[PDB]
Each structure stands twice: as C-alpha cells, then as structure tokens.
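Structure of the sequence below:
(one chain, ligands or ions: 3)
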Amino acid sequence: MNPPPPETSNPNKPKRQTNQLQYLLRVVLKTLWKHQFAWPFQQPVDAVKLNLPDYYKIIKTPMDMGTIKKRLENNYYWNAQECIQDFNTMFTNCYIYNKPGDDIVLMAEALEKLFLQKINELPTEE
Ligand SMILES: Cc1nnn(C2CCN(CCN(C)C)CC2)c1-c1cccc(Oc2cc(Br)ccc2Br)n1
Ligand SMILES: [Cl-]
Ligand SMILES: [Cl-]
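Numbering: from 1, shown residues only. Ligands and ions are numbered 1, 2, ... in the order given. The coordinates are given below.
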C-alpha cells in the first residue's frame, strides 16, 4: 500500500515567503515542471499502480515535485534551504532505488542539471 504523502499543510509550523522561495517557485519549479522528463516526478510514487512493493521499504523519505509545488504554493517552508533539500531528496531517492543508466535515472540527471543551473542564480535574501 502507499504511505500518506509528505505533509503540505501544518498551521502551527513556522513559515515565510522570502524572495528566495519566490524564485524557487517562479524559476526553479516552473523550469523543471515543464521539462519533457518531469512527468514521473510530478506526484508521489504510486507504488501500488507501478507494482513496486519494495519502493517504500527502501525509500523512507519520499519526495516529489507535486509535493514541492504544493509546499511552495501554500507557503509551507521557512527558508530556501528546506525547499532545496526537498529537490535533492527527490533526485537522491531516484538514484537509490534505480540503477545507473536506467531511463528514470537519465531523466532525473537531466532535471538535476537544470536544477543546479537555476539555483546558481538564487537571489540574495532581500
Ligand atoms: C520517480 C520514479 N522513480 N523511479 N520510478 C520507477 C521505478 C520503477 N522502475 C521500473 C523499471 N526499472 C526496474 C528498470 C521504473 C522507474 C519512478 C516513476 C514514477 C512515476 C512513474 C514512473 O513510470 C516509469 C517511468 C520510466 Br522513465 C520508466 C518506467 C516507468 Br513504470 N516511474
Ligand atoms: Cl505495491
Ligand atoms: Cl531503463
């Protein structure tokens, strides 16, 4: 069975809108989401429908761009580092579960390269 998705709403959690988080939504997330390789990463892994009974035995910190998108749109984060960590968790999970040269890994690698290019221009906090 699938676990509940990562949290995207939590009223008592401290949270902010910073200019860096706005950049992560308007530039970084937007760039990755439109890419031809984004689709596997646009929602949590459905281990039931993909017939992956081992996925959530192996991946204990799941993350995906649908969750990140909801977090950014709901202003769930305190800082940019927390969101950057979510992206890095997503990529790392893909590399942990899959094998070098798999199609999904080639896709994650292309998205990660673009991610790195965009976060190099993360603005100074205003
Ligand atoms: C994210 C993410 N991380 N890992 N995976 C799967 C894990 C299982 N793998 C099976 C084949 N291995 C054993 C060689 C495929 C990749 C996904 C994911 C998420 C949503 C859909 C999706 O569908 C596929 C995408 C591609 Br490209 C290729 C096949 C499918 Br099915 N994959
Ligand atoms: Cl399953
Ligand atoms: Cl493959």
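
what about residue 126, distance to residue 30?
20 Å (C-beta to C-beta, to the nearest Å). The way it works is simple: take the backbone N, C-alpha and C, and place the C-beta from them, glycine included.

Can you pick out the residue with more neighbours from the two?
More crowded of residue 126 and residue 30, by other C-beta atoms under 10 Å: residue 30, with 12 against 7.

Could you look up the SS state of that one?
Classification of residue 30 by DSSP: H, G, I helix; E, B strand; the rest coil places it in helix.

same question, residue 109
helix.

That one and residue 35, how far apart?
Taken as C-beta to C-beta, the spacing of residue 109 relative to residue 35 amounts to 12 Å.

Check residue 111 too.
Distance of residue 111 to residue 35, given as C-beta to C-beta: 6 Å.

okay, those two: which has more neighbours?
Remark: of residue 111 and residue 35, residue 111 carries more neighbours, 23 against 13, as counted by other C-beta under 10 Å.

That one reaches residue 42, doesn't it?
No. Using C-beta atoms under 8 Å, residue 111 makes no contact with residue 42, being 11.0 Å away.

Spell out which parts of the protein neighbour ligand 2.
Selection of the chain residues close to ligand 2 by C-beta under 5 Å from the ion yields 47-48, 53.

Of those residues, which is the most crowded?
If you rank the residues of the chain next to ligand 2 by neighbour count (other C-beta under 10 Å), residue 47 sits at the top with 18 neighbours.

Contacts only, for it.
With contact taken as C-beta atoms under 8 Å, 6 or more residues apart in numbering, residue 47 is in contact with 1-2, 53, 55-56.

For my notes, please list those residues in CSV and give distance to residue 95 and secondary structure for each entry.
Formatted as CSV, those follow (distance: C-beta to C-beta, whole Å; DSSP: H, G, I helix; E, B strand; the rest coil):
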residue, distance to residue 95, secondary structure
1, 25, coil
2, 21, coil
53, 20, coil
55, 14, helix
56, 17, helix
